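[1] Structure here, sequence nowhere to be found:
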């Protein structure tokens, strides 16, 4: 019964509530997604490691269906609500269309929901940005990104959350067709992009991998540490080629 | 004319994390008339002062001590009309419980339901919290109960407690005088003495209202019995 | 918690002040006195009388329509003090409540029950912030079979009580003091004595000699429980009886 | 101040400022002129173009076979009001199989537009209408306001710089009654031209004409049907 | 500071504050140009790519309302999504009911009827709390020939021979006034639109920086491919 | 007709300080048997049981909704329910569907907590309780059960005699019913123990 | 109407929800609730903030509420909001049991209550619930579990956590002293007693100021019980004996 | 400060200032008067002609609420029209329910309650008009009631509402209306309207007259043109000396 207009225009033509939701996104942990030829990799930074926390309960990477999975940055509870609604929509689409959803379709649904929450009485916009990845029926890898305002775009590599600007600059300087030639190369690229803003050297990195016609796979800390050690080895190779 | 109400909460958190509307309702309660409840071994006594500002009032028309069921009684401190609203709601809740389970409601269940109503008014939109604290007595399963519900919707089980003006002094007096294994008559004497501790003027059988709950049920004490107790004190 | 302290919107809507008060209710109490009139109700051993002053400033006003005495049922009458439109709305509500009570329960509503219902409605107005409380005071008059004459008064705060005698309006404090003095010197009050007590209370608190058209008297008695309004002839007879002594 | 943001707030002077602001919104629109003879009612509207490459905005709308309107103010409010009037006329023709009288339609418009001016969170309709109709009582010219007040007019002009048009209509009201259709349309065109600056002249691009009469349904002449009415108009007297 | 007034309060000048603020919000969008000729209608919009990692093919500032109608949008595209969906649904409803195609004017009117349907009080749940922040350029071909329409959140819609919307709508409109004439051909219209876009765009015009679509009599809505864009930008 | 769709028979009997509840085990559709171990008696406490005869779907629905409400009641009250309170709760639940009735006739047997006084009762499909002192029967063979119980029941029976009486009554009553049988399960509720027995019965 | 609205569900210029932070301050002003997960069980150790000689004995527990046959919760913050949330939790658990005829997994119940909290923090114009909850339970999927929920709607699983007064010091103590995978219920109880003793520095530890509840599995059944006064007294005596032994050995 | 923004807020003195502001809006309107005589009620309105372009009879302030009831209004004309619609609906509903014409006192009470319903909440705004109700019947005689924006309704012998109501009241008080008939009361009302009008402040006005009584057989109607011309001539000749 609450019908207050929360998101309204400012004299300069700005929606202040949407801008503040984007600011709330900017305070979230960094999430990185990179599209490869045969793989899609999602990497999320852990802001702090508590050593007393069950890590399974605070995962920022989840699957929306058997082919689509997403990461987020911002408010965890709003992200949970959005993920639940997206999962329900995926099941409904699998019912009515008798075909699995495409990444673009679920990204459109999420973006439309966010836009609806930016232009409806008595509610505030969601404070999350999402990185939706997956594979279409033909096998084409996909990477999309939504924002609180409700706009979405396709990307080859992107980063949201805090420190997203520097990570995106690193991806721009480093994303090449030869940097995603192999799956391990894509994983190392994602870990290197995450390492530009995080400390502890891979201990604060939650990494996920999704392959063509395969379920989403979460790397254990042993594999992540092995990849970090390999990255340090390549750093030493660059050192030896320098001198 | 528009029958819609305000849909936003009037009670909100402060930068220190406090709901100041609840604190102001508590201040309204603390400015009310003294009320005393004492749980004895075989019953509970609810006592309060009702001194009208003039002799033109009818002492026998408005009662501050009210029965909810045959075994539950009520008394308050704070705002009278709010107490009337809560008494009506408590009676309705007890009757609904009896309609469902065909047994009289336990005191704890009624206290929980009334506290839920008070919380609803503390959180819902376009309303203020109640300006009353309730002292609820009852007899269930061969055992007496005494409860206090505050404007915030929180309830406590008490051996003896006081509300309203000089309720801290009354609490200290009860701590000095209360003991377990107390008989009902001694509890009534102690409650009347607690009222006298802060009573201004002369206390008669019409200035105060006493209600008792025991195995036979809850009943208000007639002015003749109150006069007998006062003479015995 | 200090006296006169204010916070937020406690002066504008019915929310608690730091001291725990509701200022809007007190402002409605002042709106009662904004009317400028005064009414007195007195209870006898077999009767109950309401007297209010009747002010008709201009001759262009039809005097038969300026009435502050209303009948709720055949046996219940009321006098309203305060804002006129609020008083009329409350009178309509009381009439509806009495009629509905008779329809639902099969017997006439007691005066105390009607006062309690009106007080409950006014309390609902005091708790919700979206609506104004009514700036009117209602005094109810009736005969109960078990207990006899009944005088009940409800206020905008949701408070109601029974009275041996009561007043409302600008001069309610002086009238209550006068009635306190009269009641303390307790003696048998017949119908005539009760009417004279109410009339002389109004006259002495207003400090003016009364004419039969300047007041309005309504009574209920045990012999005739129907509420009636005295005509100018009967009021003149009572005034003559008062003036001779 | 604190009294000019809500339509439910009276001012200490006994005025409502939001209604006056909506009247200003009406005054912001382009000028239109309505006038009637014994047998015809004519609306002439001065259309405005946003740019040289933009078509001039519609100002005269069809309501029924006997009723047409010219708008000035918020265009979306005008479309809402026009849809309401069209529905009312259609309901009248469906229930009674007769055209709705113009005065009763104007009363319905006033009743509809009064409601938002007294409820919290609503706003006055920011459009003013000139209504031309013909019924058993003859031709009618009506003017509605955001204040929900309406006027029965012999002639009227609303919009920007309408005071000069109103002065001209005041001057020639005595002869408006016995004019034929062409003379009445020329009078309306001269009144509308009185609102135009000297460097601006009435042309087939910025003039719209709506006519209703005894044997003539409501018709709108916009671009090439306006030239016969424009032909014969003398130069500006200055 | 932004809650002192309701969404439906007039300014002392007779303007709704929120509508004016949405008009201001339009000027932050990318420039879009529509030109109407006797041979058809052409729409051109600047994509305004922010990062090279972004895929320009995912930006859709020109959409197909129907086989004979296209829409170019400027401002807040997420706000334009619902208006575009409403336009498509209206066209399909009209086809279902009457077995014919909508006129461009009727589609623009149906979309514009949604502009002012906002407000707090007396509103169903899910109603709009604010005006839209988009300007729409509707270009299509109906029985009246090719037609171009412009719509803004004020609810006003007009027919335009050639119009520009967005951040550089002032300079582009002045350029449109010079180049445009009634006898213009479709190829001339496309070339002039691309020239003005190149003049007003910060980045260099290329096959990925812009969108261009045409509607012609006898041909459906057609969005130019990358090779066609490369051919057109070859000589300007 | 609707009550005879699935068959079934539930019986409760009162002892000196104990109660017994018995039911047949057949689950069937019209004249076809499906399973021989359908549950019709449900525990509603340590010493409280309810038996449901009628539509099998309504039996399951009523049992589950009653468990829902009883779990909420025990979590709130902080105590175990009394058999009379459980009877009132079942009556309320059944009367809520007065115009959409469940096709079940519950039978309640148990000992009052803190007193261990035997309690038995039966209710109709809309929730009219009938508290008796000897026995209550429900199902498709109520006449045979009534005859057997009226012939065999005695006041102040020990748990062994109560078991023998209820077993003989149920066995001989379901031996004369077409859509009841395929085994009998008996629960004997004492103060200190509960005994559950399945009887050697006919399977035709 | 607009003038009196507090706008409890709007963003701040820095992207913060002020009402949620103020409710978290309210949580920080509440009593200490402690939860430790062991190998053979999980426990709750709350501080009794309702202490007075004229108070009656509690029925079951002041701050620990049983949610179903397999779960229990502890609350910190506004008490009546906690009552509402516990009633809702019991309703959700019973609804799941009705739908599936199986006890609800703990994380699903926590997720449902957190969804309700988030719904209050996003729309409606109402103030949020000022309650933080600790959840303990057992389920067939993940065994013994311990969860913590915030008024914002954020939850998470833990091995040992604390909410309420002096929660940061308790968290540091648990970080220093909790051993992952090696904890037994006895060692967990000792750690809980020592943490409550150190955090409640103003008041010396006694069995009348703390409430302890444990959750164990006994032959295919979940046993949620509250430690009696003598048991807590023995725990405190053992803690004091160990402290005196350490003092002597230093 | 801020105590005068809502009708649901009392001032510290105990006043509702929004209602007072609505009454102020009423006080800015032109004067309409109504006089009750021994056989009917006569209404007279000083209808200001703001523009010469308006048709005669435009913005009429006299309404037929029912066959036997007339209404004279002052203040905001849109609010007055809404209140006239409310009164018409009340009379129609009364006839539909109880099967006979509504008494004028009952209709006045119903409309006054409807008006008072708008002086209690912040969601609505008090009416900015005050009006008179006149009626005549054989059983009830002549009745005249006035309702102000606060919702107060009183019966009158002669009432005036608008810009100049005190001077109009002074003029009315000189009339022995209790024995007069509608024929003389029409001329007296015309004379009072011409007396209280301000020629310097207001350019011109139309004299709108209506009556209900035995001469109209219990119907409210506009005073016939002949009587109106005679009354206007008498008023003009009385203004001259």
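    Cool, the structure landed. Numbering: from 1, shown residues only, chains lettered A, B, ... in the order given.
[2] CA atoms for contacts and neighbours, from now on please.
    Noted.
[3] Skipping adjacent residues, who's closest to the closest residue to chain A within chain H in space?
    Nearest residue of chain H to chain A, counting by Cα to the nearest Cα: residue H:123, 13.7 Å away. For residue H:123, ignoring the flanking residues on the chain, the nearest one in space by Cα to Cα, 6 or more residues apart in numbering or on different chains is residue D:120 at 4.7 Å.
[4] By residue count, which helix of chain G is the longest?
    Under DSSP state H, the helix in chain G containing the largest number of residues is helix G:79-100.
[5] Next: chain D.
    helix D:75-96.
[6] tell me which strands and helices that one is in contact with?
    In terms of contacts (3 or more Cα pairs under 8 Å, 6 or more residues apart in numbering or on different chains; DSSP states H and E), helix D:75-96 is packed against helix D:102-114, strand D:127-135.
[7] give me that answer again for 7 Å
    Packing contacts for helix D:75-96, counted by 3 or more Cα pairs under 7 Å, 6 or more residues apart in numbering or on different chains; DSSP states H and E, involve no helix or strand.
[8] That helix: which residues count as buried?
    D:75-79, D:81-82, D:84-86, D:88-90, D:92 (16 or more other Cα atoms under 10 Å in any protein chain shown).
[9] Farthest-apart pair in those residues, please.
    Distances among the buried residues of helix D:75-96 were taken as Cα to Cα; the most separated pair is D:75 and D:92, at 25.5 Å.
[10] near chain G, which residues of chain A show up?
    A:2, A:6, A:17, A:20-21, A:23-24, A:52-54, A:57-58, A:76-77, A:122-124 (Cα under 7 Å from any Cα of the partner chain).
[11] where along chain H do the helices fall?
    H:17-27, H:77-98, H:104-116, H:166-173, H:182-196, H:225-239.
[12] Just give the nearest non-adjacent residue to residue A:217, would you?
    residue A:209 is the one closest to residue A:217 (Cα to Cα, 6+ apart), at 5.1 Å.
[13] so where do the strands sit in chain F?
    Along chain F, counting by DSSP state E, strands occupy F:9-14, F:19-24, F:27-29, F:32-35, F:41-45, F:48-54, F:104-111, F:118-123, F:129-131, F:135-139, F:184-189, F:194-199.
[14] Including mean neighbour count and distance to residue C:197, could those strands go into a markdown table?
    Below are these laid out as a markdown table (neighbours: other Cα atoms under 10 Å in any protein chain shown; distance: least, Cα to Cα, whole Å):
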| stretch | mean neighbour count | distance to residue C:197 |
| --- | --- | --- |
| strand F:9-14 | 31 | 75 |
| strand F:19-24 | 31 | 76 |
| strand F:27-29 | 19 | 87 |
| strand F:32-35 | 11 | 91 |
| strand F:41-45 | 19 | 71 |
| strand F:48-54 | 27 | 72 |
| strand F:104-111 | 29 | 70 |
| strand F:118-123 | 26 | 67 |
| strand F:129-131 | 17 | 64 |
| strand F:135-139 | 25 | 74 |
| strand F:184-189 | 24 | 78 |
| strand F:194-199 | 14 | 81 |
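[15] For the residue of chain A at minimum distance from chain B, identify the helix or strand it belongs to.
    Nearest residue of chain A to chain B: residue A:2, at 5.2 Å (Cα to the nearest Cα). Using DSSP states H and E, residue A:2 is not contained in any helix or strand.
[16] can you tell me how far it sits from residue G:9?
    Remark: distance between residue A:2 and residue G:9 (Cα to Cα, to the nearest Å) = 11 Å.
[17] So for those two, which residues contact both of them?
    residue G:125 (Cα atoms under 7 Å, 6 or more residues apart in numbering or on different chains).
[18] higher neighbour count, the two?
    Neighbours per residue (other Cα atoms under 10 Å in any protein chain shown) separate residue A:2 from residue G:9, with residue G:9 holding more: 23 against 18.
[19] Looks like the more buried one contacts residue G:127 (just checking).
    No: using Cα atoms under 7 Å, residue G:9 is not in contact with residue G:127, being 8.0 Å away.
[20] Now do the strands in chain D.
    D:32-36, D:40-46, D:60-62, D:67-73, D:127-135, D:138-144, D:150-153, D:155-158, D:207-213, D:219-221.
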